[PDB]
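Pasted below: query.txt, compact mmCIF, C-alpha atoms and all ligand atoms.
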# COMPACT_ATOMS: atom_id res chain seq x y z
CA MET A 1 58.52 118.07 103.71
CA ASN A 2 62.22 118.47 104.49
CA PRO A 3 64.72 118.78 101.62
CA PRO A 4 67.36 116.11 101.09
CA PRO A 5 70.37 116.82 103.26
CA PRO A 6 73.37 118.53 101.70
CA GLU A 7 75.64 116.46 99.50
CA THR A 8 78.66 115.07 101.33
CA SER A 9 80.56 113.11 98.65
CA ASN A 10 81.97 114.36 95.32
CA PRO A 11 83.76 111.41 93.75
CA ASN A 12 85.08 113.43 90.79
CA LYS A 13 86.68 116.22 92.84
CA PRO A 14 90.44 115.80 93.55
CA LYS A 15 91.25 115.13 97.19
CA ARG A 16 94.07 116.12 99.50
CA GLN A 17 94.86 115.77 103.18
CA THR A 18 96.41 118.83 104.76
CA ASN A 19 97.27 119.97 108.25
CA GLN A 20 94.44 122.53 108.08
CA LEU A 21 91.78 120.04 106.99
CA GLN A 22 92.91 117.53 109.63
CA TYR A 23 92.67 120.25 112.31
CA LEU A 24 89.20 121.27 111.12
CA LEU A 25 87.99 117.70 111.73
CA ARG A 26 89.99 116.54 114.76
CA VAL A 27 89.99 119.86 116.63
CA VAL A 28 87.35 122.25 115.33
CA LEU A 29 84.46 119.95 114.45
CA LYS A 30 85.20 117.64 117.41
CA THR A 31 85.28 120.54 119.90
CA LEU A 32 82.04 122.07 118.68
CA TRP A 33 80.38 118.66 118.56
CA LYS A 34 81.14 118.07 122.23
CA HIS A 35 79.94 121.47 123.44
CA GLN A 36 76.86 121.31 125.68
CA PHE A 37 75.09 123.68 123.21
CA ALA A 38 75.81 121.54 120.09
CA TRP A 39 72.72 119.33 119.92
CA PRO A 40 70.44 121.61 117.83
CA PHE A 41 73.22 121.93 115.26
CA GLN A 42 74.37 118.30 114.96
CA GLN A 43 71.95 117.26 112.19
CA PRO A 44 69.79 119.02 109.58
CA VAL A 45 66.86 120.93 111.03
CA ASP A 46 63.89 118.54 110.97
CA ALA A 47 61.36 121.24 110.22
CA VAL A 48 58.61 118.63 109.96
CA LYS A 49 59.21 117.30 113.48
CA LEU A 50 59.70 120.77 114.97
CA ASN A 51 56.58 122.08 113.21
CA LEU A 52 58.47 124.90 111.48
CA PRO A 53 56.74 124.89 108.07
CA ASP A 54 58.51 128.08 107.03
CA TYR A 55 62.06 126.94 107.88
CA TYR A 56 63.02 125.82 104.34
CA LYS A 57 61.18 128.77 102.82
CA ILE A 58 63.55 131.08 104.71
CA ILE A 59 66.67 128.94 104.82
CA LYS A 60 67.72 128.04 101.27
CA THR A 61 71.34 127.16 102.15
CA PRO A 62 70.95 124.77 105.10
CA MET A 63 74.04 123.47 106.86
CA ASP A 64 74.76 121.49 110.05
CA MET A 65 77.73 119.87 111.85
CA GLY A 66 76.73 116.31 110.80
CA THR A 67 77.11 117.43 107.18
CA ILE A 68 80.38 119.20 107.86
CA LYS A 69 81.73 116.09 109.62
CA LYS A 70 80.83 113.91 106.63
CA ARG A 71 82.28 116.41 104.14
CA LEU A 72 85.61 116.45 106.00
CA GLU A 73 85.60 112.65 106.24
CA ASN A 74 84.87 112.33 102.49
CA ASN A 75 87.49 114.92 101.44
CA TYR A 76 84.69 117.06 99.97
CA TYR A 77 86.73 120.23 100.67
CA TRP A 78 89.98 121.03 98.84
CA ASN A 79 90.46 124.36 100.64
CA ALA A 80 90.04 124.97 104.37
CA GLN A 81 88.02 128.06 103.52
CA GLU A 82 85.24 125.91 102.00
CA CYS A 83 84.79 124.22 105.35
CA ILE A 84 84.99 127.49 107.31
CA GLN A 85 82.31 128.85 104.97
CA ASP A 86 80.04 125.96 105.88
CA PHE A 87 80.45 126.63 109.60
CA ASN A 88 79.73 130.31 108.94
CA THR A 89 76.60 129.38 106.95
CA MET A 90 75.36 127.26 109.85
CA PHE A 91 75.72 130.16 112.33
CA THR A 92 74.25 132.79 110.01
CA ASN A 93 71.29 130.52 109.20
CA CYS A 94 70.49 130.49 112.91
CA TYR A 95 70.64 134.29 113.05
CA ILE A 96 68.50 134.59 109.91
CA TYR A 97 65.69 132.27 110.93
CA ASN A 98 65.50 133.45 114.55
CA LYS A 99 65.66 136.82 116.34
CA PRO A 100 68.19 138.61 118.54
CA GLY A 101 68.11 137.31 122.08
CA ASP A 102 66.42 133.97 121.35
CA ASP A 103 67.86 130.99 123.25
CA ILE A 104 68.93 129.28 120.05
CA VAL A 105 70.69 132.45 118.89
CA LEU A 106 72.61 132.81 122.17
CA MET A 107 73.65 129.17 121.78
CA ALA A 108 74.88 129.73 118.22
CA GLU A 109 76.72 132.87 119.24
CA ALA A 110 78.65 130.93 121.91
CA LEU A 111 79.49 128.18 119.42
CA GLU A 112 80.63 130.78 116.89
CA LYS A 113 82.93 132.51 119.40
CA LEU A 114 84.57 129.17 120.24
CA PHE A 115 84.81 128.35 116.55
CA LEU A 116 86.63 131.63 115.88
CA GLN A 117 89.01 130.98 118.77
CA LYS A 118 89.85 127.61 117.25
CA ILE A 119 90.26 129.10 113.73
CA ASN A 120 92.66 131.65 115.27
CA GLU A 121 94.92 128.63 115.89
CA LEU A 122 94.49 127.02 112.46
CA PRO A 123 97.84 125.52 111.35
CA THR A 124 99.78 127.46 108.74
CA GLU A 125 98.97 126.95 105.03
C1 LIG B 201 69.60 124.98 114.08
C2 LIG B 201 68.31 125.67 114.54
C3 LIG B 201 68.03 126.97 114.15
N1 LIG B 201 66.91 127.52 114.57
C4 LIG B 201 66.07 126.87 115.35
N2 LIG B 201 64.88 127.60 115.76
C5 LIG B 201 63.69 127.07 116.43
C6 LIG B 201 62.61 127.95 116.57
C7 LIG B 201 61.44 127.54 117.18
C8 LIG B 201 61.34 126.24 117.67
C9 LIG B 201 59.99 125.80 118.34
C10 LIG B 201 60.85 125.39 119.45
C11 LIG B 201 60.31 126.04 120.74
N3 LIG B 201 58.99 125.67 121.05
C12 LIG B 201 58.94 124.51 121.38
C13 LIG B 201 58.14 125.93 119.97
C14 LIG B 201 58.85 126.62 118.78
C15 LIG B 201 62.42 125.35 117.54
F1 LIG B 201 62.33 124.07 118.01
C16 LIG B 201 63.59 125.77 116.92
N4 LIG B 201 66.31 125.64 115.74
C17 LIG B 201 67.41 125.00 115.36
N5 LIG B 201 67.69 123.64 115.78
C18 LIG B 201 66.93 122.91 116.79
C19 LIG B 201 66.83 121.51 116.68
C20 LIG B 201 66.12 120.77 117.63
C21 LIG B 201 65.51 121.45 118.72
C22 LIG B 201 65.62 122.83 118.83
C23 LIG B 201 66.34 123.57 117.87
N6 LIG B 201 64.88 123.27 120.06
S1 LIG B 201 65.04 124.77 120.88
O1 LIG B 201 63.75 125.25 121.36
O2 LIG B 201 65.49 125.82 119.96
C24 LIG B 201 66.24 124.64 122.26
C25 LIG B 201 67.57 124.11 121.69
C26 LIG B 201 65.70 123.69 123.36
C27 LIG B 201 66.47 126.06 122.83
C28 LIG B 201 63.97 122.16 120.40
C29 LIG B 201 64.69 120.95 119.89

Render the structure in this file as structure tokens.
Ligand SMILES: Cc1cnc(Nc2ccc(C3CCN(C)CC3)c(F)c2)nc1Nc1ccc2c(c1)N(S(=O)(=O)C(C)(C)C)CC2
Amino acid sequence: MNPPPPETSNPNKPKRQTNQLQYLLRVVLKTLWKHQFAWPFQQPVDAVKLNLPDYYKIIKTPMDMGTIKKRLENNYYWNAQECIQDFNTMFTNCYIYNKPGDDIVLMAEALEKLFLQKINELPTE
């Protein structure tokens, strides 16, 4: 059985719109979403469908771009670093579950390099 997906709404947490959070949605998330390599990362890993019974035994902090998109839309992050951490979790999860040189790993590495290039242009705090 898959776990419930990550929470994406926190109605009691204060909310703010900032230049950095807007950029993370409209530039960073949007660019990664549209990359040819994005599809495996756009929704939670369906370990039942993929027949990966060990996935959620190994990966205890799952994260995906669909969740990150919803969190940005719902103002779930107060600080830009919370969102960056989620992207980093998604990439490292791929490296943890898989092995160096696997196709999925090479795909995540390319997405991570593009991510870091976009974060290099994050608007000033
Ligand atoms: C976020 C993430 C992290 N880690 C993995 N690992 C992983 C390991 C083994 C297998 C199966 C797959 C290979 N055969 C078929 C038997 C063993 C696997 F499906 C995934 N998947 C992920 N997502 C993800 C989602 C959907 C799909 C994916 C991947 N693929 S895919 O094969 O990776 C690709 C993209 C075509 C290269 C198929 C569709």

Next on the checklist: Using only C-alpha atoms, which protein or nucleic acid residues come within 9 Å of segment 92-103 of chain A? Drop anything in the same chain fewer than 2 positions from it, and give the result as an MDAnalysis selection string.
Outcome noted: chainID A and resid 55 58:59 61:63 87:90 105:109

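Between ligand LIG 201 (chain B) and the candidates A:82, A:73, A:46, A:121, the tightest atom-to-atom separation, counting all atoms listed in the file, involves A:46.
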
Checklist entry - Near segment 22-32 of chain A, within 10 Å and counting all atoms listed in the file, which residues show up once chain neighbours fewer than 4 positions away are dropped, as a PyMOL selection string? => result chain A and resi 17-18+36-39+41-42+65-66+68-73+80+83-84+87+111-112+114-119+121-123

Around all listed atoms of ligand LIG 201 (chain B), padded 5 Å per side, what centre and edge lengths does the axis-aligned box have in Å to one decimal, as lines of an AutoDock Vina configuration file?
center_x = 63.9
center_y = 124.4
center_z = 118.7
size_x = 21.5
size_y = 17.2
size_z = 19.3

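Across the model, the gap from atom CA of residue 2 of chain A to atom CA of residue 50 of chain A is 11.0 Å.
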
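Interatomic distance, atom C7 of ligand LIG 201 (chain B) to atom CA of residue 104 of chain A: 8.2 Å.
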
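Across A:40, A:79, A:56, A:120, the tightest approach to residue 5 of chain A is made by A:56 when counting all atoms listed in the file.
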
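The space between atom CA of residue 113 of chain A and atom CA of residue 16 of chain A spans 28.1 Å.
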
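Nearest to ligand LIG 201 (chain B) of all the residues A:43, A:19, A:6, A:12 is A:43, counting only C-alpha atoms and all ligand atoms.
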
Item to check | Selected residue, from A:1, A:21, A:9, A:35, that lies nearest to residue 124 of chain A when counting all atoms listed in the file | outcome: A:21

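Counting only C-alpha atoms and all ligand atoms and comparing A:52, A:81, A:125, A:14, the residue that lies closest to ligand LIG 201 (chain B) is A:52.
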
Can you complete the atoms of segment 4-20 of chain A to N, CA and C atoms and list them as a compact mmCIF listing (two decimals), in the coordinates of the input?
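Contents of the output file rebuild.txt:
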# COMPACT_ATOMS: atom_id res chain seq x y z
N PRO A 4 66.24 117.03 100.84
CA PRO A 4 67.36 116.11 101.09
C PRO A 4 68.46 116.85 101.80
N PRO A 5 69.27 116.16 102.60
CA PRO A 5 70.37 116.82 103.26
C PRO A 5 71.41 117.26 102.25
N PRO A 6 72.32 118.12 102.63
CA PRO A 6 73.37 118.53 101.70
C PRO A 6 74.20 117.34 101.25
N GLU A 7 74.73 117.46 100.05
CA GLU A 7 75.64 116.46 99.50
C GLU A 7 76.91 116.42 100.33
N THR A 8 77.46 115.22 100.50
CA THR A 8 78.66 115.07 101.33
C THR A 8 79.79 114.36 100.63
N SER A 9 79.56 113.83 99.43
CA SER A 9 80.56 113.11 98.65
C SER A 9 80.58 113.69 97.23
N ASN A 10 81.78 113.88 96.69
CA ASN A 10 81.97 114.36 95.32
C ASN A 10 83.07 113.52 94.71
N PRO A 11 82.72 112.37 94.16
CA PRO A 11 83.76 111.41 93.75
C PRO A 11 84.67 111.91 92.65
N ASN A 12 84.26 112.92 91.89
CA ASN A 12 85.08 113.43 90.79
C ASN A 12 86.02 114.55 91.20
N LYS A 13 85.83 115.14 92.36
CA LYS A 13 86.68 116.22 92.84
C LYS A 13 88.00 115.66 93.38
N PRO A 14 89.15 116.23 92.98
CA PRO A 14 90.44 115.80 93.55
C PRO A 14 90.42 115.97 95.06
N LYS A 15 91.24 115.18 95.73
CA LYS A 15 91.25 115.13 97.19
C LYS A 15 92.66 115.34 97.70
N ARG A 16 92.78 115.99 98.85
CA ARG A 16 94.07 116.12 99.50
C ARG A 16 93.83 116.16 101.00
N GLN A 17 94.82 115.70 101.73
CA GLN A 17 94.86 115.77 103.18
C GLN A 17 95.89 116.83 103.51
N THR A 18 95.51 117.77 104.34
CA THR A 18 96.41 118.83 104.76
C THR A 18 96.29 119.00 106.27
N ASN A 19 97.30 119.67 106.83
CA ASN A 19 97.27 119.97 108.25
C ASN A 19 96.03 120.77 108.62
N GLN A 20 95.61 121.71 107.77
CA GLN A 20 94.44 122.53 108.08
C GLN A 20 93.18 121.70 108.06
